[PDB]
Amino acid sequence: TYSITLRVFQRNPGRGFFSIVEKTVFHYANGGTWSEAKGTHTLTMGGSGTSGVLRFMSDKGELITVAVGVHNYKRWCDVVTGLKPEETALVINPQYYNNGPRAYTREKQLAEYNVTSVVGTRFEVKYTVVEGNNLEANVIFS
C-alpha cells in the first residue's frame, strides 16, 4: 500500500476560506480510500499507479482541485484552478489517465507544484516526506 497524508494550511483571509466539497479515488491499483484524523486527510491506496482528488470551494465561490498519487513508485501532484461548477472532481480525476489531457502532469512525478488562479489565489502542494510508502504533503492556500 501507499498512503499520502495532507495538512491544509490557509494563509490569507483576503482570499476567502476553503472547504472540501468532493473527494474521489481512481480505480487503478485496487483503488483506495480517504480518511480524516486530527484535522488531516489521508489517501490510502492499494499500490502504486493510482491517485485521488480533493475539490475545494471557498466561501467566495472559487473552485479548485488538488490531485495526489503515486506513479511508478514516485509521488506526484497537481492543482487545477478556475473550475466551472460542472467540472467536478469526478470529471477531473480521470483526465490524468487513459491518455487524457492531464496525464503529462502525473508523469512528471512532482514533489512540489505552485499555481495562482486567475482570480489571484496562490496554491501550493509541497511534499515533506518525498520517498517511501507513507508520504506526507502540505497543501497551502494563499
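Position 1 is the first residue in the sequence shown; the rest follow in order.
Two stretches are in play, 70-78 and 96-104, and the higher mean C-alpha B-factor belongs to 96-104. Remark: stretch with higher mean C-alpha B factor among 26-34 and 113-121 is 113-121. The residue among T44, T40, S51, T65 whose C-alpha carries the highest B-factor in the deposited model is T40. In this PDB entry, the Cα temperature factor of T5 sits in the bottom third of its chain's modelled residues, the lowest group.
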